[PDB]
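Each chain gets a letter, A, B and so on, in the order its sequence line appears, and its residues count up from 1. Excluded from the calculations below are hydrogen atoms, water molecules and symmetry mates; all remaining heavy atoms, backbone and side chain alike, are included. Read the numbers this way: they start at 1 and go in the same order the structure lists the ligands and their atoms.
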Amino acid sequence: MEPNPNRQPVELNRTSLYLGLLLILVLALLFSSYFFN
Amino acid sequence: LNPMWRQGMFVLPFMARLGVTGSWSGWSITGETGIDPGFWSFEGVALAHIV
Amino acid sequence: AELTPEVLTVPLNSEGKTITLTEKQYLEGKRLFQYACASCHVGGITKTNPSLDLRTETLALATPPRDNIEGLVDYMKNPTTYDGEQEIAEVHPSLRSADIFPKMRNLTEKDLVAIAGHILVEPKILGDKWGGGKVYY
Amino acid sequence: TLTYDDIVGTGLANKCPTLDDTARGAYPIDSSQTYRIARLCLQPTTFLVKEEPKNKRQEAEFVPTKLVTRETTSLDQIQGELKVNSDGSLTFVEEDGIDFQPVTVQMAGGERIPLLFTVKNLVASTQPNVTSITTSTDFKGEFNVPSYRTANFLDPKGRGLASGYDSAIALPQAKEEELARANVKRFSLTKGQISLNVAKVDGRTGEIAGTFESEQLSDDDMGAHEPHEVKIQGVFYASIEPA
Amino acid sequence: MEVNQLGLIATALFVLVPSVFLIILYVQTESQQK
Amino acid sequence: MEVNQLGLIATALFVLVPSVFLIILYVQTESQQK
Amino acid sequence: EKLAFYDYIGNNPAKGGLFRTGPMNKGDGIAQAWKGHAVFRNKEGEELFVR
Amino acid sequence: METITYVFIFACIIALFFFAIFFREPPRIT
Amino acid sequence: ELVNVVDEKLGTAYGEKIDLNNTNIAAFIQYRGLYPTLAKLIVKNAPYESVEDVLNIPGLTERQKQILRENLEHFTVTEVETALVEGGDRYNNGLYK
Amino acid sequence: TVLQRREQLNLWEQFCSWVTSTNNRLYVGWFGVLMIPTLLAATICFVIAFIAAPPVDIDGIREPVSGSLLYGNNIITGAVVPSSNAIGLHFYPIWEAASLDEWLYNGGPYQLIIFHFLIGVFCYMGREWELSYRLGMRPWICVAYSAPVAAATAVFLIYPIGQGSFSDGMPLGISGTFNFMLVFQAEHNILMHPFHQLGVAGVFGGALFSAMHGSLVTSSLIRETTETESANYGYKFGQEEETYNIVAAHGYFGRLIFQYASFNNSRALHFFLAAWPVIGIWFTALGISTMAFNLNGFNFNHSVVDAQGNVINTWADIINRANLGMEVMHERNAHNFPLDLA
Amino acid sequence: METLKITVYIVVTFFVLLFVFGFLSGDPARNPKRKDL
Ligand code: CLA
Ligand code: CLA
Ligand code: CLA
Ligand code: CLA
Ligand SMILES: CC(C)=CCC/C(C)=C/CC/C(C)=C/CC/C(C)=C/CC/C(C)=C/CC/C(C)=C/CC/C(C)=C/CC/C(C)=C/CC/C(C)=C/CC1=CC(=O)C(C)=C(C)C1=O
Ligand SMILES: CCCCCCCCCCCCCCCC(=O)OC[C@H](CO[C@@H]1O[C@H](CS(=O)(=O)O)[C@@H](O)[C@H](O)[C@H]1O)OC(=O)CCCCCCCCCCCCCCC
Ligand SMILES: CCCCCCCCCCCCCCCC(=O)OC[C@H](COP(=O)(O)OC[C@@H](O)CO)OC(=O)CCCCCCCCCCCCCCC
Ligand code: HEC
Ligand SMILES: CCCCCCCCCCCCO[C@@H]1O[C@H](CO)[C@@H](O[C@H]2O[C@H](CO)[C@@H](O)[C@H](O)[C@H]2O)[C@H](O)[C@H]1O
Ligand SMILES: CCCCCCCCCCCCO[C@@H]1O[C@H](CO)[C@@H](O[C@H]2O[C@H](CO)[C@@H](O)[C@H](O)[C@H]2O)[C@H](O)[C@H]1O
Ligand SMILES: CCCCCCCS[C@@H]1O[C@H](CO)[C@@H](O)[C@H](O)[C@H]1O
Ligand SMILES: CCCCCCCS[C@@H]1O[C@H](CO)[C@@H](O)[C@H](O)[C@H]1O
Ligand code: OEX
Ligand SMILES: [Ca+2]
Ligand SMILES: [Cl-]
Ligand SMILES: [Cl-]
């Protein structure tokens, strides 16, 4: 097929990886007590 | 003493609100037996949404 | 182990007289038993009535006694129920009903004696396996 | 008139004989002569099962069910003595026949209720002074309901009453008291009740027909669970002959 | 302690699903031409 | 049925961990300069 | 019994908790039967009412 | 929960069939 | 409590002799002259209050009564057990060889 | 009416051209016209029944066996359970039942699935012929596939016919398959049947020859890549040149055994790879299909006898003891009389 | 059940007729080489 001209590459730089993993892990550390209840 | 809202049912009341009240297995949510809902039982609604 | 004259010596009648079968007699009796009897009595059981078997102790308690040559030869001519009360030639192969059980036709006295000897010798070889059914296979 | 090949596969073989609308006569009874029922046929048309409510004070009702074992339900070729009693009543004493059928019906929601539909050892009597059987004659009686499975029956783990294991062998070191009701098989024997309402009589031939209602317990799975109460309604046919 | 029996898998997937999302995105950024 | 209480998380991680490893590798292959 | 059952705080939707998950039956239990109306009295025979 | 798990895995396999057939790397002659 | 009634019966005379009220009909082959004629009459006319009541079966011949007297020592009676007599099990209890 | 017949006739021809088109992503074809609806019906019923069907009275003794996931099964124990022994070989479509509840109790789903499935795979076989004809290929791939088709037909149709009941057809499930195999060994001594032995040689040999052929071609790939690349990139789809040195491969295999035990003719080699497993599976399918009429495996029970007449057991007699254990236990409530005659 | 039976009968007849008339519609000629069969 003819290529779609609207495609764009996506990026996540290393600092964003670290920030995101921190957010997820800290949110998990916070909510896990309530999931176990 | 054990209606749908005691049992954590969330979509069952929405089917019942608009007239889907019976199961193909023969019961109805008002406590009847031997009812024939036709295709539009709770199961038929679910199947229609999957298709 | 060997098939000895003592193994081949079996009661002839109810009065304690014995007869010593020849090895030929025994082998003929085995062949004839397969020919006319094994379809129901394979291994000494009875497929159409498993309550009755061909063990010597069972034959001894039949009426009249069947634990001897003459008793078994008589049974093959005129079979009876276990208590002797009814004659069953109409449903059990015998010389008397050879018209309806054709494999009994042309069976001689010697043939019946051989078949009877096989039935009496076989538990002396096989023990409880004779008349035991599949548990003993 | 009909032969086996006329009938085979139609479902007619599970239906009891019927009598014409004109059969509204009276079959005379001679108190000096002995009688027998030469053939009794019972064809169920409805199986009802009494619901088991949580409220021990809500009166439970019999509700309809769906038959799932097909046209295998009728009792037939039943025979027995028809006695004339001192007061002119008749007493039927069942002697033999195809007098039981296993039946499975299904409640709304899927629960399957097996039962041994039966009139085994039926003894049923009329009102007094039955000088002729008419469309006013009724029979009432009781029968035995033996265990739905007999003593050799083995459960899926091989446990049974007259045969089988006596423990849960797949749980070799489990405590046995909690499994006693499943491990120790018991053989039920209860009573059922039946009424026969004569609706038609052929006085010349000694044939009668009508409706029946019987009540009995269902299968208790050899003691593993409580049985249910069942009500069976249907039609019956009987031929009476002097004996 | 008598905790919720789904608490373990809830916590595990809460961490893993978004973390994996981020790792996929990060690694395919690094592999793009420089 | 009285199933093992860790059967669910065992099955979920058994699926998730190696599937995620493959997805990471695939996506960063696609993003490489062609 | 259905009317009495509505007059019970275990069916009040403002009695729950954010992480108390599942059906109401998981809490007070599956309702089986009304025990009946309790009338309290003191030794003088005056009727008393629980707040 | 077990039934959900078995059906989930099965459903993922059917989805994979779909992508493997209709979204395969197209075979190309060069 | 819960008891297996067949195992219990094995602790009575049922476990030692032919129980005229319960034992399956094939057991009468154990002794001379009992099977099938007397065995059928015995099972059909059961139950019996005592072993000697077997001598009173209507229609017995004089020889049959003598045969029965000779075998009373091998007979017993216990209470009818539903599990052993239902299903026609006295005539065929599902056991062959 | 006049030229309208020609507007209908060209429309039919357009449909025929689409049905038989070599350009559909999945070939349809005339066999596909029957195959597609029957496989869809069988698949849909199977998936729904495997998840949700209630227990089925397979042996006609009011003893329902649970097969579905929702009724207490896992992937290994679950099955779609064969139809009731009370039905036998009678045709039991939905509309012969008084209700779906009855149809489910009696194992109706099994019949619907196996009959649509078998039509489907016979048409799948025809479709393999058909596309090869449209593509200008030689025609015999469908003949290789006739081996699995024969085997499926043996266990779902021929064996039930011989034994008089679809209750003896193979269940649609993993543990139900093993049940079928064990009972089959008890009732036919299939292990001692030469057609099953040929079947085993067929699949052991097929697996051996697959590994052999795979290893020999892989061993002689021509170097077209560096050590940091998969060697698979050394072959380009549709290239004209062969990608391995078959002279080198033959030189290896001819020395591994001896020269004349090795194929130098690639066409002979690939015919052998086709024929060996296909013929083995044909024979094992015929084994099931002839034990369906109770011509069973070799019986050497008590074949060895000593001078007195005592049986001297062999390993065949030990096999017999295992068969007896399965015989006496299977369908423990279903037999009332001493012989299991079907 | 009767409606379902008739429906399935029609459905089956439909596909079988497509199969039969399909293979009757000059199928030998539908091949890439000698299309004059
Ligand atoms: C409108 C959405 C909605 C609502 C009102 C309900 C309501 C209900 N559900 Mg249903 N359900 C839903 C959607 C919903 N459901 C969806 C989308 C699914 C698929 C997952 C389900 C699957 C489901 C199952 C399997 C079950 C229910 C059940 C129930 C009943 C119990 C609910 C409960 O315990 O919640 C508990 C609610 C919580 C513990 C709240 C969670 C709050 C989250 C974790 C906060 C996250 C914060 C976030 C990380 C912050 C980020 C910050 C960042 C931006 C910086 C109740 C009737 C139960 C039932 O009784 O069935 C009969 C039951 O078993 N539901
Ligand atoms: C290719 C399409 C196709 C075929 C061949 C079948 C075949 C079958 N269906 Mg299925 N079905 C289909 C599509 C199909 N189905 C679809 C799309 C649905 C959803 C609507 C169903 C829903 C369905 C249900 C719910 C049931 C069936 C059932 C059946 C079985 C009985 C059918 C019957 O009695 O026909 C009647 C016979 C005829 C109509 C004959 C007329 C056709 C011609 C004139 C004669 C053909 C026979 C003859 C040998 C010629 C062969 C020619 C050959 C060269 C091709 C049979 C296995 C039943 C079943 O599985 O029972 C266990 C059942 O309960 N089907
Ligand atoms: C060393 C172990 C060993 C050997 C030598 C065999 C050999 C055999 N097995 Mg057994 N088997 C084994 C272990 C073994 N098995 C194990 C561990 C299991 C699982 C427990 C089995 C389960 C099994 C089953 C269920 C069956 C067999 C069968 C067979 C026969 C056919 C096998 C076949 O075609 O394979 C594929 C291999 C080939 C196709 C290549 C050729 C192999 C042949 C035999 C070599 C010929 C050498 C030749 C005669 C020597 C001449 C030299 C020449 C230069 C002069 C063969 C006799 C079948 C049987 O009993 O038939 C009677 C059968 O039904 N096997
Ligand atoms: C090592 C020991 C051993 C070995 C190697 C074998 C080997 C075999 N056994 Mg034997 N067996 C054994 C021990 C063994 N057995 C023992 C101990 C017993 C007694 C317990 C048996 C009792 C036994 C029985 C009863 C049977 C076998 C059969 C077989 C054959 C089964 C495979 C087959 O038929 O493929 C052929 C191919 C197929 C069956 C596949 C059909 C595929 C259809 C056409 C399409 C399916 C499509 C599918 C649904 C969807 C695909 C995926 C989708 C995404 C497209 C194979 C020769 C079977 C046989 O011979 O069948 C004819 C058979 O019925 N064995
Ligand atoms: C201590 C002391 C005394 C030591 C002395 C040692 C010494 C020096 C001894 C020397 C003397 C000596 C050798 C004595 C020998 C003694 C002796 C007989 C020992 C016994 C050894 C023995 C019996 C071995 C048996 C081996 C055996 C069974 C071989 C069978 C071969 C066989 C079955 C082959 C299958 C036939 C066949 C067609 C296979 C094809 C399989 C296949 C898929 C091939 C695929 C394939 C093939 C190709 O061809 C190429 C190209 C490609 C691409 C390809 O896919
Ligand atoms: C509860 C029951 C519910 C079930 C409901 C099912 C009804 C489905 C209705 C919707 C149909 C649309 C789906 C099309 C998908 C598709 O295949 O497109 C792919 C191409 C594209 O179509 C191409 O389409 C092209 C035009 S265009 O792409 O559409 O623009 C056209 O040029 C070309 O000729 C044409 O072939 O279609 C084809 O290649 C020809 C038809 C393919 C035949 C399908 C085979 C199905 C076999 C099933 C076997 C069992 C499966 C179980 C295994 C897990
Ligand atoms: C149902 C299935 C659903 C699956 C969902 C899976 C995905 C959901 C998860 C998404 C997570 C996204 C995280 C992106 C993380 C990330 O990329 O951050 C960095 C990012 C920087 O973006 P830039 O514009 O500079 O672009 C750089 C690009 O490479 C990013 O793609 O900023 C944001 O994304 C805004 C949100 C910031 C949030 C920052 C919070 C950090 C603070 C730490 C808090 C914890 C400590 C508290 C201590 C008290
Ligand atoms: C099946 C059709 C049979 C064949 C063939 C033969 N016999 Fe038989 N046998 C059969 C039955 C059903 C019975 C029981 C009959 C009854 O009601 O009592 C028997 C019994 C015997 C006996 C008596 C066994 C006992 O313990 O008293 C004997 C001795 C006997 N059968 C021998 C026998 C012989 C020699 C046969 C071949 C010529 C033979 N039988 C064939 C069933 C069948
Ligand atoms: C259970 C948790 C599951 C979470 C799953 C999350 C999946 C997320 C998928 C991300 C998809 C990324 O999509 C990917 O984008 C990159 C660019 O970013 C594309 O890459 C494209 O751009 C780059 C950069 O210019 C070029 O070098 C490359 O040749 C070109 O193909 C890939 O072709 C595409 O595959
Ligand atoms: C159970 C059903 C029984 C059916 C029995 C049939 C008996 C014989 C009747 C034949 C009817 C079919 O008639 C057949 O139809 C097709 C399409 O209309 C015709 O046309 C076909 O053939 C030509 C010649 O190869 C092709 O170029 C063309 O693409 C194709 O459409 C055939 O030439 C005609 O022979
Ligand atoms: C996807 C499968 C669809 C199956 C269709 C079954 C129709 S069933 C049919 O439907 C009518 C309309 O609801 C009802 O009124 C009627 O009582 C019922 O029998
Ligand atoms: C896509 C719909 C799948 C159909 C679901 C199964 C049939 S319906 C199902 O049957 C059960 C047993 O009778 C009932 O207990 C249950 O209430 C009912 O929902
Ligand atoms: O079903 Mn299935 O399995 Ca052929 O054998 Mn007879 O039947 Mn029953 O037993 Mn063994
Ligand atoms: Ca009346
Ligand atoms: Cl089994
Ligand atoms: Cl049987």
Side-chain angles (χ1 to χ4, degrees), chain A residues 8-30, chain E residues 13-26 28-30 32, chain J residues 10-20 30-46 48 83 87 89-97 100 103 106-120 122-123 126 157 166, chain K residues 1 3-31 35-37:
Chain A
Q8 297 270 351
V10 180
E11 67 155 82
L12 186 83
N13 60 30
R14 195 185 309 169
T15 284
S16 299
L17 170 71
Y18 288 149
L19 284 160
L21 291 176
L22 182 65
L23 174 62
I24 296 304
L25 287 168
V26 168
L27 280 174
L29 196 56
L30 168 62
Chain E
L13 298 179
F14 188 96
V15 171
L16 285 171
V17 168
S19 292
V20 153
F21 166 67
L22 295 173
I23 296 163
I24 291 160
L25 278 194
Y26 170 71
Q28 68 84 46
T29 308
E30 293 290 296
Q32 289 170 26
Chain J
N10 86 319
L11 194 56
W12 170 247
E13 182 47 42
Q14 299 179 34
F15 176 70
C16 293
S17 294
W18 175 81
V19 167
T20 62
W30 298 117
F31 282 107
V33 161
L34 302 177
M35 183 194 75
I36 285 169
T38 54
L39 289 180
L40 284 172
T43 302
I44 291 162
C45 186
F46 171 79
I48 292 176
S83 49
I87 287 167
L89 295 179
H90 281 239
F91 189 66
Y92 190 63
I94 296 182
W95 55 83
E96 274 297 310
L100 286 174
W103 183 74
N106 286 273
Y110 182 80
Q111 282 198 17
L112 187 156
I113 296 160
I114 62 162
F115 296 153
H116 288 87
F117 170 80
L118 288 175
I119 294 169
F122 272 83
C123 293
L157 184 61
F166 291 104
Chain K
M1 297 293 201
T3 300
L4 171 70
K5 181 185 182 181
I6 292 169
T7 296
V8 169
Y9 272 53
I10 290 164
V11 166
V12 173
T13 305
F14 171 71
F15 282 109
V16 169
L17 287 176
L18 284 182
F19 176 88
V20 168
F21 285 103
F23 265 132
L24 289 172
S25 294
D27 200 82
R30 302 184 194 278
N31 77 83
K35 306 178 169 62
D36 287 67
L37 263 45

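- Interface of K:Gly26 with ligand 10, defined as ligand atoms under 4.0 Å from a residue heavy atom, comprises 21 (C), 22 (O), 25 (O).
- Under 4.0 angstrom from ligand 10, there are no non-hydrogen atoms of K:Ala29.
- Shortest non-hydrogen contact noted between J:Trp103 and J:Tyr92 is CA-OH, 3.4 Å.
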Determine, step by step, whether J:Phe122 and J:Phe31 satisfy the side-chain contact (heavy atoms from CB on, under 4.5 Å) criterion, reporting the C-alpha distance in whole Å, the side-chain angles of both residues, the deciding distance to 0.1 Å, and the verdict. CA-CA 9 Å; J:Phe122 272 83; J:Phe31 282 107; over 6 Å; no
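- Residues J:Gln111 and J:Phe166 come closest through the heavy atom pair NE2-CD1, 4.0 Å.
- Here the CE atom belonging to J:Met35 is positioned 8.5 Å from the CG atom belonging to J:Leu40, to the nearest 0.5 angstrom.
- A search for ring-ring contact (aromatic ring centres under 6.0 Å, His included) contacts involving J:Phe46 returns J:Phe50, not counting sequence neighbours.
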Could you go through ligand 7 and note, for every N or O atom, any protein N or O atom closer than 3.5 angstrom, writing the atom names and distance to 0.1 Å, or 'none'?
residue: ligand 7; atom: 29 (O); partner: A:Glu11; partner atom: O; Å: 3.4
residue: ligand 7; atom: 29 (O); partner: A:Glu11; partner atom: OE2; Å: 2.8
residue: ligand 7; atom: 29 (O); partner: A:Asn13; partner atom: N; Å: 2.9
residue: ligand 7; atom: 31 (O); partner: A:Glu11; partner atom: O; Å: 2.7

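- The distance from ligand 10 to the heavy atoms of J:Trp12 drops below 4.0 Å at these ligand atoms: 17 (C), 18 (O).
- Of all the heavy atoms of K:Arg30, the ones lying under 4.0 Å from any atom of ligand 10 belong exclusively to the side chain.
- Here the side chain of E:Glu30 pairs no donor or acceptor atom with the backbone of E:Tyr26 at under 3.5 angstrom.
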Tabulate distances under 3.5 Å between N/O atoms of ligand 2 and N/O atoms of the protein, writing both atom names on each line.
residue: ligand 2; atom: 9 (N); partner: J:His116; partner atom: NE2; Å: 3.0
residue: ligand 2; atom: 15 (N); partner: J:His116; partner atom: NE2; Å: 3.2
residue: ligand 2; atom: 64 (O); partner: J:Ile94; partner atom: N; Å: 3.0
residue: ligand 2; atom: 65 (N); partner: J:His116; partner atom: NE2; Å: 3.2

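- A side-chain donor-acceptor contact under 3.5 Å links E:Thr29 to the backbone of A:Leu12.
- A pairwise comparison of heavy atoms in J:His116 and J:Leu112 identifies ND1-O, 2.7 Å as the closest pair.
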Identify all side-chain donor-acceptor contacts of residues 7-26 of chain K below 3.5 Å with residues at least two apart in sequence or on another chain.
residue: K:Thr7; atom: OG1; partner: K:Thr3; partner atom: O; Å: 2.8
residue: K:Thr13; atom: OG1; partner: K:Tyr9; partner atom: O; Å: 2.7
residue: K:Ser25; atom: OG; partner: J:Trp12; partner atom: NE1; Å: 2.8
residue: K:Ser25; atom: OG; partner: K:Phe21; partner atom: O; Å: 2.7

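- The nearest pair of heavy atoms linking E:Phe14 to A:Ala28 is CE2-N, 3.8 Å.
- Rounding to the nearest 0.5 Å places CG of A:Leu23 at 9.5 Å from OG of E:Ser19.
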